[PDB]
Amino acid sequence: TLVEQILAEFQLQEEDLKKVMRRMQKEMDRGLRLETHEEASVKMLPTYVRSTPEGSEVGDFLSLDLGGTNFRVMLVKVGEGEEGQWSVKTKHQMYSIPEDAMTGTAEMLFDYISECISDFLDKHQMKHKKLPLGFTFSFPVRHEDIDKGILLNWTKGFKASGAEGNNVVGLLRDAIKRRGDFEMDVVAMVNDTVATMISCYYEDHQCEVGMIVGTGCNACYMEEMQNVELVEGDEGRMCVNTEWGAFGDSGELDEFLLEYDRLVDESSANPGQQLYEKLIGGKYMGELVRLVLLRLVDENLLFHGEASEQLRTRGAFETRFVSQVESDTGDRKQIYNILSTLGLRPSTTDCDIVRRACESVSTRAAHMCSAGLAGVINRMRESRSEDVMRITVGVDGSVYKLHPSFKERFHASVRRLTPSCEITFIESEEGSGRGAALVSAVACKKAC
């Protein structure tokens, strides 16, 4: 019966979440203040995207989406909307990064990206058009401005020599010149959390928070300028990229971490970093599951103590498997097919145990995540007057969007933790592309 008590290790009581939430708030304040911003696990990075935008330019914009291996190039059209700009994706193409240039230097990487941009401009007879480019770039960047900032480090298993520490917008502009054909006017670079927030903002002006729960996990929110000590000026408001994925990197999370968490971290491309993200993100969820499964087969609780060759190979339990397992109608068919595909022959109870393990991980993910969002929303509550703070959160990510019950658990948990708040959740259409374009269109009012 060792089973349910092994899975019980994943539970988090209310008071646990509240604790995580209050710590998250502590680290966010720490990241915003000059004296601690340098050492803070939660970097709270200024994005230079500011409030009261208008006016905005209109017309076609080119949008780049890297974060990464399968990155997108698309063409967004922005125009004078009702109380802001409308926008829409009119053309698009995905490109797979070759694991070769992916491993090669940064200039190799951005060369391949420059090519793909030409590939795209050809296919659509735009090669000669010279457009403003919005760059969605889903990694930690310390910005000097909206069109300048350096890669702090790669996340999410990404890596490519000689990129960290360099101006990312700089690398791209270079690679474009090392091509000859087109001239792209690189206007804005934004985190995906930000682009998503921006997309949703024109749908709902109360949306002041952007959140991604896919491969990785992160959020952004509108801060009061006087709180952004790393940008000068107490007047106005600026979006901040928390990069909360790194929360826990100074040990804020030690009392919650499980063996499976330590295994996942140690064997990761970035051991010691992004620990909070590794509790939630789809880069890691399936693998947590795999490790739990293996621990069960070792206590002879599962598959009759016999793991298959595949189940023993790192990364074999894809996050989408977790999501299919929890979609099982209860005829175990879905669960059987996955497990079989992994070289296993599950009994009826094997399947039910595996479903249990999936629910335990994805439920912990949903709650861990709800603590951070609640921490952000409750921080923002401090700066609002009305009795009930009504606020909208824009969200994107496969885990949040596609996993059968993650979002329900998440919503309920966030609400428990955020009294005197009315939270509305919006999912973003093409939040990355249209988000980057919308921001470019406003940034163009000063550089175009």
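Note that the rigid core is defined as the largest set of C-alphas that superpose within 1.5 Å between two forms. Residue indices: 1-based, along the sequence shown.
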- request: With everything overlaid on the rigid core, name the stretch, 169-177 or 267-275, whose CA atoms wander farther on average in 8 other deposited structures of this protein.
  value: 169-177
- line: Returned stretch for higher CA RMS in 8 other deposited structures of this protein, core superposition, given 413-421 and 377-385, is 377-385
task: State whether residue 82, though modelled here, is left unmodelled in a third or more of the other entries compared.
output: yes
query: Would 343-351 or 88-96 have the larger average of its C-alpha temperature factors, as given in the entry?
result: 88-96
statement: Looking only at C-alpha temperature factors in the entry, 182-190 or 143-151, the higher average sits in 182-190
message: If I read the C-alpha B-factors straight from the PDB entry, which of 57, 29, 408, 35 is highest?
response: 57
- prompt: From 283, 177, 320, 290, pick the one with the largest CA B-factor in the entry?
  reply: 177
query: Would the CA B-factor of residue 440 place it in the lowest, middle or highest third of its chain?
result: middle
query: Comparing residue 385 with the other modelled residues of its chain, is its CA B-factor in the lowest, middle or highest third?
result: highest
- prompt: By the record's CA B-factor, is residue 424 among the lowest, middle or highest third of residues in the chain?
  reply: lowest
query: residue 156: which third of its chain by C-alpha temperature factor?
result: middle
- request: Determine, from the deposited record, the chain-internal third of the Cα B-factor for residue 83: lowest, middle or highest.
  value: highest
